[PDB]
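Participant: This is the structure, below, for whatever I ask next.
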Amino acid sequence: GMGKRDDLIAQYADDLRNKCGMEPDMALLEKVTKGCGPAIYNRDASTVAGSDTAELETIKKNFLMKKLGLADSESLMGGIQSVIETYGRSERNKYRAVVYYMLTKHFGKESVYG
């Protein structure tokens, strides 16, 4: 096989195109994936619970505010809610790399990844 790291990035790209309706920027997606960590074999650890308030508050504080450098405002949770809705209410495997990629796009923060 191709190995878990490639399988994951391929899956993220497929989700972006075929679930979220977006043309994936592969160069950015790779940078976002690097930031999430080494390839994860345990599916549970690579996904975001869209319906968990604390998990969304953590994405706001640790990713949007701490990493992307965005200020505290209604637009942050609004953006999180938007990307979770885009990924889909019926999706039980919302990959955290895909969510981070979508938020980076949504807020125009691509250049922070280099």
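Letters A, B, ... go to the chains of the structure tokens in the order shown; residues in each chain start at 1; ligands are counted from 1 in the same order.
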Would you return as number ranges by chain the members of range 2-101 of chain A that DSSP assigns to alpha helix (DSSP H) on this structure's backbone?

Facilitator: A: 4-18, 26-36, 43-46, 53-58, 74-87, 96-101

Participant: If you count only C-alpha atoms, which residues fall within 12 Å of residue 82 in chain A, apart from same-chain ones fewer than 2 positions away, as a ChimeraX atom specification?

Facilitator: /A:20,50,56,75-80,84-89,99,102-103,106-107

Participant: Tell me which of A:59, A:91, A:70, A:26 sits closest to residue 108 in chain A, counting only C-alpha atoms.

Facilitator: A:70

Participant: Please tabulate, as CSV, the residues of range 13-91 of chain A that come within 8 Å of range 110-114 of chain A, each with its closest pair of atoms and the distance in Å to one decimal, counting only C-alpha atoms and ordering rows by chain, then residue number upward.

Facilitator:
```
residue,atom,partner,partner_atom,distance
A:28,CA,A:110,CA,7.1
A:31,CA,A:113,CA,6.3
A:32,CA,A:113,CA,7.4
A:68,CA,A:112,CA,6.8
```

Participant: Next, write the just-selected residues to a file, as a PDB file, in the first residue's frame, keeping N, CA, C and O atoms as the atom set.

Facilitator:
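File selection-v8.pdb, as written:
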```
ATOM      1  N   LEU A  28      -1.018  23.702   0.431  1.00  0.00           N
ATOM      2  CA  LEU A  28      -1.513  24.131   1.743  1.00  0.00           C
ATOM      3  C   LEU A  28      -1.926  22.943   2.601  1.00  0.00           C
ATOM      4  O   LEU A  28      -1.606  22.897   3.797  1.00  0.00           O
ATOM      5  N   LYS A  31       0.956  21.366   4.308  1.00  0.00           N
ATOM      6  CA  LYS A  31       1.463  22.221   5.401  1.00  0.00           C
ATOM      7  C   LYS A  31       0.576  22.091   6.641  1.00  0.00           C
ATOM      8  O   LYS A  31       1.080  22.025   7.765  1.00  0.00           O
ATOM      9  N   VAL A  32      -0.747  22.096   6.432  1.00  0.00           N
ATOM     10  CA  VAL A  32      -1.718  21.921   7.535  1.00  0.00           C
ATOM     11  C   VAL A  32      -1.557  20.539   8.192  1.00  0.00           C
ATOM     12  O   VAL A  32      -1.597  20.408   9.411  1.00  0.00           O
ATOM     13  N   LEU A  68      -3.272  30.778  14.243  1.00  0.00           N
ATOM     14  CA  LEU A  68      -3.549  31.706  13.136  1.00  0.00           C
ATOM     15  C   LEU A  68      -3.478  33.158  13.557  1.00  0.00           C
ATOM     16  O   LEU A  68      -3.468  34.026  12.686  1.00  0.00           O
TER      17      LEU A  68
END
```

Participant: Calculated over only C-alpha atoms, which of the candidates A:101, A:96, A:67, A:30 has the smallest distance to residue 55 in chain A?

Facilitator: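 Answer, going by the shortest atom-to-atom distance: A:96.
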
Participant: What does the distance from CA of residue 18 in chain A to CA of residue 44 in chain A come to in Å, to one decimal?

Facilitator: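 Between CA of residue 18 in chain A and CA of residue 44 in chain A the gap is 21.6 Å.
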
Participant: Please, what distance in Å, to one decimal, runs between CA of residue 53 in chain A and CA of residue 83 in chain A?

Facilitator: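 Distance between the two atoms: 14.7 Å.
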
Participant: Measuring atom to atom with only C-alpha atoms, identify which of A:34, A:21, A:57, A:1 is nearest to residue 81 in chain A.

Facilitator: A:57

Participant: Tell me, in Å to one decimal, how far CA of residue 46 in chain A is from CA of residue 8 in chain A.

Facilitator: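 About the pair CA of residue 46 in chain A and CA of residue 8 in chain A: they are 9.6 Å apart.
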
Participant: Quick one: residues within 9 Å of residue 95 in chain A, only C-alpha atoms, excluding same-chain residues fewer than 4 positions away - as number ranges by chain?

Facilitator: A: 12, 15, 43, 46-48, 99-100
